[PDB]
Amino acid sequence: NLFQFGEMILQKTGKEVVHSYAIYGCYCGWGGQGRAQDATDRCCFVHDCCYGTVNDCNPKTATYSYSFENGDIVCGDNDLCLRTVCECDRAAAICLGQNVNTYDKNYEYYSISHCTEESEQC
Amino acid sequence: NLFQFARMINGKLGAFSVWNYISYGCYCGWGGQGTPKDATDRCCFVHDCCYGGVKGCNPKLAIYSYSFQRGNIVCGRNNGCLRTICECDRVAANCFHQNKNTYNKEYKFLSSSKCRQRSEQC
């Protein structure tokens, strides 16, 4: 669920999701249209499409099993769906961490006046 | 998509209102476990269940058709799952508006520790 995805994100990026990625770009925040603005934003679009592949459980509320081990994120579930959501969240947190170096505060609340162009497609 | 849901919120409650729902309660925004804390929270829980009932598509990325008519949100001519998704958002935005008098600031930004109940069932 999103509380767990928010934990993964803090652990991997140093950032509290609710004050940062949650309002960011055209995809990380309340978006889902226009062009991905940068690498962080693209990671989020990738994670949207990932969620897109999830049919049998709700990725927003499915509570999965994970831990951090040596800097890695380990998804521990059996139920294939729980695990598939966990792996979505893991990859995106790993991707966010890989691109925090170009986090740009100027993309915070960008969807109010932008994201109006061709959208990304999965 | 969330860009549209955010405008439905803003159009019903006022400019910038969407940002009040980024993280509130156990369900609104970056959360998704335990007992809803209040009516506003339950609005979000219902919307999560409404999105979880959507099969064959991806509400985060869906673009549907809607407008405001006399102050009120109206879902346009949406076919198949688009109709379902627009309606999920319509209901939830209207729910937020109707409960804005119980919105309580102290519920913004809960950590998952406050939401460790077995999650309400859809």
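Here is the naming used below: chain letters follow the sequence lines, and residue numbers restart at 1 for every chain.
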Rounded to the nearest 0.5 Å, what separation is found between the [atom1] atom of [X] and the [atom2] atom of [Y]?
X	Y	atom1	atom2	answer
B:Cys75	B:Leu82	SG	CG	10.0 Å
A:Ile9	A:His47	CD1	NE2	7.5 Å
B:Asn10	B:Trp19	CG	CH2	8.0 Å
B:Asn58	A:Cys49	CG	SG	7.5 Å
A:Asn55	B:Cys57	CG	SG	10.5 Å
B:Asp38	B:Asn99	CG	CG	7.5 Å

Is there a path of hydrophobic side-chain contacts, each under 4.5 Å between heavy atoms of I/L/V/M/F/W/Y residues, joining [Y] to [X]?
X	Y	value
A:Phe3	B:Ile22	no
B:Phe5	B:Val46	no
A:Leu82	A:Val54	yes
B:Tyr21	A:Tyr27	no
B:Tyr103	B:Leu110	yes

Could you tell me if the side chain of [Y] sits less than 4.5 Å from the side chain of [X], heavy atoms only?
X	Y	answer
B:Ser119	A:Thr61	no
B:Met8	B:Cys86	yes
A:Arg83	A:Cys75	yes
B:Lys12	B:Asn94	yes
A:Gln4	A:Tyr64	yes
B:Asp48	B:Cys122	no
B:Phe3	B:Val18	no
A:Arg42	A:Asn99	no

Specify the closest pair of heavy atoms between [X] and [Y], including all atoms of both residues, with the distance to one decimal.
X	Y	answer
B:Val54	B:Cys81	CG1-CB, 4.4 Å
B:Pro36	B:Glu120	CD-OE1, 3.3 Å
B:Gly29	A:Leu2	O-CD1, 3.6 Å
B:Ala93	B:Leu13	O-CD1, 3.8 Å
B:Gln69	B:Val74	CG-CG2, 3.7 Å
B:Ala39	B:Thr102	CB-OG1, 4.3 Å

| request: Indicate, with yes or no, whether the SG-to-SG separation of A:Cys28 and A:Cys43 is under 2.5 Å. | output: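 The sulfur gammas are not closer than 2.5 Å, so no.
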Tell me if the [atom1] atom of [X] is crowded by more than 12 foreign heavy atoms within 6.0 Å.
X	atom1	value
B:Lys108	NZ	yes
A:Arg35	CZ	no
B:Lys105	NZ	no
A:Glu117	CD	yes
A:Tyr109	OH	no

Please work out which of the three classes, parallel, tilted or perpendicular, describes the rings of [Y] and [X], given edges at 30° and 60°.
X	Y	value
B:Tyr66	B:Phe68	perpendicular
A:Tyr110	A:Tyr107	perpendicular
A:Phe5	B:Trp30	tilted

| request: For A:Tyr51 and A:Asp89, run side chain to side chain donor-acceptor pair (under 3.5 Å): C-alpha distance rounded to whole Å, both residues' side-chain angles, the deciding distance at 0.1 Å, then the answer. | output: CA-CA 9 Å; A:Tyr51 276 11; A:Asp89 285 359; 2.6 Å; yes
| request: Under the side chain to side chain donor-acceptor pair (under 3.5 Å) rule, what do A:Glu7 and A:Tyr66 come out as? Steps first, then yes or no, please. | output: CA-CA 11 Å; A:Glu7 286 155 10; A:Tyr66 81 104; 2.6 Å; yes
| task | Could you tell me whether B:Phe109 and A:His19 have their ring centroids closer than 6.0 angstrom? | result | yes
| request: Check each of B:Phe45, B:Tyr107, B:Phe96 against B:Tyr24 using the ring-ring contact (aromatic ring centres under 6.0 Å, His included) test, and report the only one that passes. | output: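 Only one option passes, and that is B:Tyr107.
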Would you check if the side chain of [X] reaches a backbone N or O of [Y] as a donor-acceptor pair within less than 3.5 Å?
X	Y	answer
A:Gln33	A:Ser119	no
B:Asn78	B:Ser65	yes
A:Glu108	A:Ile23	no

| Cation-pi between A:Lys15 and A:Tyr103: NZ/CZ under 6.0 Å from ring centre and within 45° of the ring axis? |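 Positive - A:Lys15 is close enough to the ring of A:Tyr103 and near enough to its axis.
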| said: Set out, in order, the CA-CA distance, both residues' side-chain angles and the distance that settles side-chain contact (heavy atoms from CB on, under 4.5 Å) for A:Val85 and A:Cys57, then state yes or no. | reply: CA-CA 9 Å; A:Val85 174; A:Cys57 60; 3.8 Å; yes
| request: Please determine which of A:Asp41, A:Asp38, A:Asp104 meets the side-chain hydrogen bond (donor to acceptor under 3.5 Å, both in side chains) test together with A:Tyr24. | output: A:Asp38
| Passes side-chain contact (heavy atoms from CB on, under 4.5 Å), B:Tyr51 versus A:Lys60? Steps please. | CA-CA 9 Å; B:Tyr51 274 16; A:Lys60 199 250 166 97; over 6 Å; no
| request: Before giving the answer on side-chain contact (heavy atoms from CB on, under 4.5 Å), spell out for B:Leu61 and B:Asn1 the whole-Å C-alpha distance, their side-chain angles and the decisive distance to 0.1 Å. | output: CA-CA 5 Å; B:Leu61 300 176; B:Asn1 59 16; 6.0 Å; no
| B:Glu87/B:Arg83 ion pair, N-O < 4.0 Å |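 No.
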| field | Working for salt bridge (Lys or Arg N to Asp or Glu O under 4.0 Å), residues A:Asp72 and A:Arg90 | value | CA-CA 9 Å; A:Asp72 203 5; A:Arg90 167 174 188 278; 2.9 Å; yes
| request: Applying side-chain contact (heavy atoms from CB on, under 4.5 Å), run through A:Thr40 and A:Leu96 and close with a yes or a no. | output: CA-CA 6 Å; A:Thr40 282; A:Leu96 296 173; 3.8 Å; yes
